[PDB]
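Participant: sequence? don't have it. structure:
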């Protein structure tokens, strides 16, 4: 009031006559441009039913048999198997504008800030849909609304485990490049996260020292590493800055979301008291922290291996984390994710396994793998004949019908990601950040 002002909290019950100011928004987040794997994947349409056919070769029999005197035996050529892969439908849109707050005075808003929020949220859910989730066998056998994953199905012989999270020693990349060698192809790219492509620089390499006749003072230091080449020359387009699963919001940011429509918090996983049979050393005991119930159609337990087990490479496997799932229908729970321990050290959770759901009673999960560090980096050949993204209908927006004098709103399809060469690509696990 009166004379003298500031800092004064502008309630006019706390204040005087003076006129506050305001600005243009400044986005600190993942942007749209900052997505990469979704930017470079080549894309062709699948005009189809949600399925389609992919026709795929494996070759003849040569050996000591065929060995040439007069005639052969049975010139049976090939299997040529065929493999479908389904499309998937994943618009995620709850958009609203109160005709009140669309018509008042604004900041540049909203129906541009909304379309951005949409096209961004879906077109991120694409590449995240590419890097992790397979079709998790759901409440009962079928596909699911989840995109049959880009790199989960890949793993057959190409995942070179780093027995513990270690550096990228440039020997591993070489190994994944000869693995993709025997698959008749030459790995041209690499990806994810930016918490490796640094620690592949600041930890290991770039420590050549040039102590020369060299001027005092002004000179650079350090090293910036792209264009690695081993068997065959390539680039690492790398450092997405995106991980969703890897860092679980199961941290203190854990928030029940309307436990009405959020399936009931899982029974805090039955404590293993881990017994040592399955491949492992003799680990410690294991503890459990009651879960924080999660979004539409998923419940996620927490702990895995807690106290003493974590001295290097004991391969300590929490024996039975038995998740007792009891739910009143909200969305009958499907994926019950065991998101493993805080880390040996820096306490924020991680995500070892999304396990599709069957027992007939409590889910059973043995453990040790991948646990817990930021891990993957994905090397292989991106080229329209190898990693290929099927767009049933491109991203569109359709309006909807009004009831509450709000306005609903939507974006639309993407479809699925199909490999033509499930062996010509490679992913290595348990790197570090």
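Facilitator: Arrived safely. Numbers count the residues shown, from 1 in each chain.
Participant: tally of neighbours for residue 90?
Facilitator: Look at residue 90: counted by other Cβ atoms under 10 Å, it has 18 neighbours. All C-beta atoms are positioned from the backbone trio N, CA, C, and that covers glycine.
Participant: mind checking how far the nearest residue to residue 79 once chain neighbours are set aside is from residue 184?
Facilitator: Once flanking residues are discounted, residue 79 sits nearest to residue 58: 5.3 Å by Cβ to Cβ, 6 or more residues apart in numbering. Counting by Cβ to Cβ, to the nearest Å, the gap from residue 58 to residue 184 is 12 Å.
Participant: also residue 374?
Facilitator: Taken as Cβ to Cβ, the span from residue 374 to residue 184 is 31 Å.
Participant: residue 36 now?
Facilitator: Note on residue 36: its distance to residue 184, by Cβ to Cβ, is 26 Å.
Participant: higher neighbour count, the two?
Facilitator: residue 36 (18 against 9).
Participant: contacting residues for that one?
Facilitator: Counting by Cβ atoms under 8 Å, 6 or more residues apart in numbering, residue 36 makes contact with 127, 191, 237, 240.
Participant: what's the nearest residue to the second one if we skip its chain neighbours?
Facilitator: Counting by Cβ to Cβ, 6+ apart, residue 191 lies nearest to residue 378, which is 4.7 Å off, once chain neighbours are set aside.
Participant: right, and the one you found touches residue 193 too?
Facilitator: No. Taking Cβ atoms under 8 Å as the definition, residue 378 is not a contact partner of residue 193, at 10.5 Å.
Participant: give the helix, strand or coil label for the nearest residue to residue 157 once chain neighbours are set aside.
Facilitator: Counting by Cβ to Cβ, 6+ apart, residue 157 lies nearest to residue 179, which is 6.8 Å off, once chain neighbours are set aside. What DSSP: H, G, I helix; E, B strand; the rest coil gives for residue 179 is helix.
Participant: how about residue 179, what does it touch?
Facilitator: Going by Cβ under 8 Å, 6+ apart, residue 179 touches 157, 158, 160, 426.
Participant: go through the contacts of residue 36 and give me the one with the most neighbours.
Facilitator: Greatest neighbour count in the contacts of residue 36, by other Cβ under 10 Å, goes to residue 191: 25 neighbours.
Participant: and that one, how far is that from residue 374?
Facilitator: Taking Cβ to Cβ, one finds residue 191 at 13 Å from residue 374.
Participant: what do you get for residue 215?
Facilitator: Residue 215 is 40 Å from residue 374, by Cβ to Cβ.
Participant: what's the answer for residue 251, then?
Facilitator: Distance, residue 251 to residue 374, using Cβ to Cβ: 15 Å.
Participant: residue 157 now?
Facilitator: 23 Å.
Participant: which one of the two has more residues nearby?
Facilitator: It is residue 374, of residue 157 and residue 374, that has more neighbours when counted by other Cβ under 10 Å, with 21 against 10.
Participant: now for that one: which residues touch it?
Facilitator: With Cβ under 8 Å, 6+ apart, residue 374 has these contacts: 193, 195, 196, 243, 246, 247, 350, 431, 432, 433.
Participant: with neighbour count, distance to residue 142 and secondary structure as extra columns, can I get the residues you listed in CSV?
Facilitator: Formatted as CSV, those follow (neighbours: other Cβ atoms under 10 Å; distance: Cβ to Cβ, whole Å; DSSP: H, G, I helix; E, B strand; the rest coil):
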residue, neighbour count, distance to residue 142, secondary structure
193, 21, 32, coil
195, 18, 36, coil
196, 27, 36, coil
243, 20, 29, coil
246, 21, 28, coil
247, 16, 31, coil
350, 22, 29, coil
431, 24, 35, coil
432, 17, 38, coil
433, 16, 37, coil
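Participant: could I get those residues as CSV with distance to residue 284?
Facilitator: As requested, these are arranged in CSV below (distance: Cβ to Cβ, whole Å):
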residue, distance to residue 284
193, 29
195, 27
196, 29
243, 28
246, 24
247, 25
350, 18
431, 25
432, 22
433, 25
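Participant: and of the residues you listed, the nearest to residue 12?
Facilitator: Nearest to residue 12, judged by Cβ to Cβ, of those is residue 247 at 42.9 Å.
Participant: now the closest one, nearest residue through space, not along the chain?
Facilitator: Per Cβ to Cβ, 6+ apart, closest to residue 247 is residue 348, 6.1 Å.
Participant: follow-up on the earlier one: in strands, which of the contacts of residue 36 fall?
Facilitator: Taking DSSP state E, every one of these sits outside strands.
Participant: of all these, which two lie farthest apart?
Facilitator: Of all the pairs that the contacts of residue 36 form, the one spanning the most space (Cβ to Cβ) is 127 and 237, at 12.6 Å.
Participant: moving C-terminal of the host helix or strand of residue 389, what's the next helix or strand?
Facilitator: Per DSSP states H and E: residue 389 is located in strand 387-391. For strand 387-391, the following helix or strand on the C-terminal side (DSSP H and E) is strand 417-419.
Participant: buried residues in the helix or strand following that next one?
Facilitator: Downstream of strand 417-419, the next assigned helix or strand under DSSP H and E is strand 425-428. Buried residues in strand 425-428, defined by neighbour count with 16 or more other Cβ atoms under 10 Å: 425, 426, 427, 428.
Participant: now the helices for the stretch 201-350 of the chain?
Facilitator: In order along the chain, the stretch 201-350 of the chain carries no helices (DSSP state H, counting those that start in this stretch).
Participant: domain-wise, how is this structure divided?
Facilitator: 32-153+383-420, 154-244+373-382+421-433, 245-372 (curated CATH domains).
Participant: dump these into TSV; add distance to residue 4 as well.
Facilitator: Converted to TSV, those look like this (distance: least, Cβ to Cβ, whole Å):
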stretch	distance to residue 4
domain 32-153+383-420	29
domain 154-244+373-382+421-433	47
domain 245-372	41
